[PDB]
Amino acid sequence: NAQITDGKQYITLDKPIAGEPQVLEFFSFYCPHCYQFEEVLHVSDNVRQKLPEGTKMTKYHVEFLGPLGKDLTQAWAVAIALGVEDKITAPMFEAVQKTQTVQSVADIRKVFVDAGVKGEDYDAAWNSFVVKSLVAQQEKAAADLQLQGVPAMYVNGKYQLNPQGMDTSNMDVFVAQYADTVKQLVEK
């Protein structure tokens, strides 16, 4: 059956925020731990797979890491606005961290284009009011929730996941524990 505990597998915010997405992840394409999180452990997908139906997995990008943090945050806004997150996430992590072929803003676009995204759509999205507000929203969320680092996950703007208090002696275990903790938090 299982049961989680405040202070252990999660922590409760002293200043919860209303109106946030139910399951909100922060990440950076630059961060090695975010790479492991997303591309090796596939934490988020495991979480999403245990999520009570009707509940969506939301991910925001952060600007405070790396030389292109701001522009990658805007590119992620485009990915959201175009609905191409699933086509882009793996290529970008590889291009940024592994092949290290993302050195400029133009190189970001190439990842989208190479991934199947029409350049005309990318360009339209990039300069849209829509994307401009998505950027603002990503920035605002991290501030409101008092983000200290990535990766990070918050549930109902009230609980923060705390992997340090999980069992990290085995990764298959840890992932299952992370997924279940989120599930329990959303049913709460």
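Don't overthink the numbering: it's just position in the shown sequence, from 1.
- Look at the C-alpha B-factors of 34-42 and of 59-67. On average they run higher in 34-42.
- The mean C-alpha temperature factor is higher for 1-9 when 1-9 and 179-187 are set side by side.
- Note on the listed residues 133, 160, 28, 127: the highest Cα temperature factor in the record is that of 127.
- Among all modelled residues in its chain, residue 73 ranks in the lowest third by Cα B-factor.
- Remark: residue 120 belongs to the middle third of its chain, ranked by C-alpha B-factor as recorded.
- The PDB entry assigns residue 92 a C-alpha temperature factor belonging to the middle third of its chain's modelled residues.
- Ranked by Cα temperature factor within the chain, residue 152 sits in the lowest third according to the deposited record.
- The entry lists a Cα temperature factor for residue 18 that places it in the middle third of the chain's modelled residues.
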